[PDB]
Structure formats: structure tokens, C-alpha cells
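Let's start with one chain on its own, the form deposited in one PDB entry, as C-alpha cells.
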């Protein structure tokens, strides 16, 4: 009972269909680079301007008012799942995302909630999604998301960010059993959460495995890949059993060049790429079945609008007009110029049509 979708270019490309042009969207399009974002976010603390459906809906809609993006992604904050599981967050302006009491011992797993009750704890996210879907009025598709089990585990064990994930990786090597237990708890919480996002109106889903690069092939296949596979399988199955139409799913493993081949067979329609992987090589690695979501170096946007058009043109030529969704190689940075984000969007649209005509 939602408005009928008008522009579905993003969904068609996601399923691997040919389109009149290449659809484009930016990770963190609703981000600090936009002045209006900081103002709206300054209403209250992080987990308050997030817990308000109208607030999250507004943040989601903001970039679309500036740029003709081909998709919207629900605005939401990282640590919502770990939080819903029972962990306390202390979001400060300096550090950012943080758990004052991280999981360090196996016994620490006992304070976590049964993953089966997480969905009911995240009802505010579902409300924001429905509201955003209603307010979008079918302009473009709405993407729901969550972080992958391993990446969520790194936040829970590290307590925040890290350049090595040494504490989390120590868990993998020293506490393999406890690690698998935690990764399973995280998977059982993500499935109902992601399913709930689709039920609330999400028309696509992206799983962010942001800290994939810290693991090598072996650890990744052992602790990250199995759960990345389980999420897609279980989400699709539950959607079908509920009478709903599965949505296209995207797996993004930042710095996961070494896993591109496994990921193309992990049950996801789209495989997101970071900017370090050359488009053509990525095409080789993934094959010819899956859709590639595509990697401009976010920092490339620091260059002039003219230089951006040329870098975008070259990026499009490498990817080819088939099975491709333009995007950056990572989220937008806080100090980037909104005008340059517009140039990126306009360049993808202009050149993708030329690459066809």
C-alpha cells in the first residue's frame, strides 16, 4: 500500500537488466558534507535524532532535493544493532561511535539479548522507513541496510574504530568458538532486522562489510563469508514465506579485493567495490552474472568539476554499460563540496547515455 515506483532504473540494473542510463547514488549521501544535515542532526544527540522517524526521513530526503540521485538509502546510525542487542553507546562529537564497555571475554556474551527480540527493539527504524517510502512518493527506490556480522563484531570487541582490528582478530585466533557464537548471534539478529526493513518498505538492501580488509583470505572465508552467505539466504527465504517479493541485495566488502570471487557467489545480486580495485579486473573476478556497484575514489571529488567529469567518463568506460550501478568507492567525507557531488551525479548520467548513444 505504498506509492507506485516511478523511476526504477536502480532496481533494473540491480537485477542485471539493460537501462537507458547508468543509475547512481552515493554512500553517505545523507552526510555531514551537507550543511542541512548538521543542522537537523543538531536537534539532539545521535541516538535521538535517529530515533525520530520524521528526523531520519528528513535526513534521507535531503540529498535528493539537491541531486537527481537514482536511489535513496535510509539514514541510520551504525551501532543500532549492537545497541538493540544490549550494549551501551556513548556517541561523542570528537571520537564518534563508541562502546565504553566492549566485549573482551567470552562471558561478556551473556549480557546480550536473544537475537530474536532485536527486531522489536528496532521498530523506530521500520517506522522511519515506512514514512520515508510514503514521503518519497515513488520518486526513486529506497535502500535499507545493516553492517555485516564480522564488521559489527569488530565494533563490539574493539569498542570503536581501529587501524588493525587486533583485538577482534585476536578473538578469531584465540577464541574461535566464542567468535563463531558471537557471529551467529549477530546473523540471527540481522536477518529479522533486514526482513523487517523490507516489510516496512525497503525496496533493496545493502550489507556493509566495512572492515573486511583487515582479514586475509583465510580468516575471511572462515569468519566473515559464511555469515555473509547466511544473511542473504535467510532474508530471501523469510521474505518468500511471508508472501513478499525478495528485494535485490548488495554486498560491499571494503578492502575485500581478495574475496571478489567468493562474494559473486554469495547470493547477492550486486557486489560493491572500493576504489582500489580496477573495474575491469573486478569484472574478471566477479564474472558476468552479478552487477557491480562502482567505485570512484571519494577523494576524487576534491578535484574540479571538470576533472570529476573526466574521471567519471573513464570509470564508465572501464565498467561498461552492462550490469553496473555507479557510486563512490566509499562514503562521502565531511569536508566535501555538495556542488562536486552534483557534478559526479550529472557526469554519470551524461556519459552513461553517450556510452550508449
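Numbering follows the first chain given and starts at 1.
Not on display, but discussed next: the form solved in complex with a small molecule.
At 4.5 Å between heavy atoms, is residue 161 in contact with the small molecule in the entry with it bound? Residue 161 belongs to the contact set for the small molecule.
With heavy atoms only and a cut-off of 4.5 Å, decide whether residue 30 touches the small molecule in the entry with it bound. Answer yes; at least one heavy atom of residue 30 falls within 4.5 Å of the small molecule in the entry with it bound.
Can you tell me if residue 51 lies within 4.5 angstroms of the small molecule in the entry with it bound, counting non-hydrogen atoms only? It does not: once the small molecule is placed as it appears in the entry with it bound, residue 51 has no heavy atom within 4.5 Å of it.
Would you please decide whether residue 67 lies within 4.5 angstroms of the small molecule in the entry with it bound, comparing each non-hydrogen atom pair? Residue 67: no contact with the small molecule in the entry with it bound.
Have a look at 117-125, 71-79, 170-178, 270-278 and name the one stretch with heavy atoms inside 4.5 Å of the small molecule in the entry with it bound. So the stretch in question is 71-79.
Under a 4.5 angstroms heavy atom criterion, identify the one residue in 252, 220, 193, 227 near the small molecule in the entry with it bound. By the 4.5 Å heavy-atom cutoff, the listed residue in contact is 252.
Selected contact from 266, 91, 286, 85, since only one has a non-hydrogen atom within 4.5 angstroms of the small molecule in the entry with it bound: It is 91 that has a heavy atom within 4.5 Å of the partner.
Are all three residues 155, 208 and 330 in contact with the small molecule in the entry with it bound, where contact means a non-hydrogen atom within 4.5 Å? Yes, the whole candidate spot contacts the small molecule.
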